[PDB]
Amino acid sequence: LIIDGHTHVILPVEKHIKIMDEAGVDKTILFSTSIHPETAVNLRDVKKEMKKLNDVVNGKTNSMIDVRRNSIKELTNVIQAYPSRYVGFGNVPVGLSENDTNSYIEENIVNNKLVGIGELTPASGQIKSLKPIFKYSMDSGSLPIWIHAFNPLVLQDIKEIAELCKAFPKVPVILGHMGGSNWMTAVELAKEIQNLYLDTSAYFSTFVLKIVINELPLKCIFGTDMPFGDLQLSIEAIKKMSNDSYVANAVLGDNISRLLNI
């Protein structure tokens, strides 16, 4: 009904549940994270944390295993506390072998009953390195893949993501952040490709947001990217930019409820 389609685990968990309660939000799709800027005491510590997140988003940490496994453990432990309020996507190391990627997915995603894979943060130029994650999904239960697509991703990376969608048509793909500055191409590709959807989180223009959600009302998925975005402010923006209440309600939860079978 309102489902936040993309938020990183927030601590203390009860503060986030209270923010959901106050915003009229039923459920959140939670994403693992190695980093908790929302708990940093003092500005120096916030910056330290934001600098580490910059490295992650830039793709410098992608082959690391243990940190992704600890963040899944955090994620499963958080969901277990509020299993009516949370569903989870778990992250998978990029740039491993097909064998090691499969076992990883089996142990850390399937065995934890997570509903999707992400948030992937490929380095620019390295989209093709995601093939084995698509392969696993093509086969075993078509888990949605969620891909960060704001900076540092450029136009050609968006195009390459599109090609993987076409090559693996049964695997749903959610494009993080509408493709950033590349939203015009992102919206064309999502119109064209059956299995490509767009996340709304981290829009930089309410006019771009208006154009994209009203052009693709059934394939845009509301998300806030907490702790980076604000739940009430983002909900308010969706409802103000939506051309009618159907569009608003589809983007705000009916689309992802349909997609994940919530």
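Numbers for residues come from their place in the sequence shown, where the first is 1.
The stretch with the higher mean CA B factor, choosing between 48-56 and 228-236, is 48-56. Comparing 142-150 with 89-97, the stretch with the higher mean C-alpha B-factor in the PDB entry is 89-97. Within the group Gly125, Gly180, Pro172, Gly118, the record's highest C-alpha temperature factor is found at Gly125. Among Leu189, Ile79, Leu155, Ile72, the highest C-alpha B-factor in the deposited entry belongs to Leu155. Among the modelled residues of the chain, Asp21 sits in the middle third by CA temperature factor in this PDB entry.
Among the modelled residues of the chain, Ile65 sits in the middle third by CA temperature factor in this PDB entry.
Annotation for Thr33: CA B-factor lies in the highest third of the chain's modelled residues.
In the PDB entry, a CA B factor belonging to the highest third of its chain's modelled residues is recorded for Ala40. When the CA B factors of the chain's modelled residues are split into thirds, the value for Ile256 lands in the lowest one.
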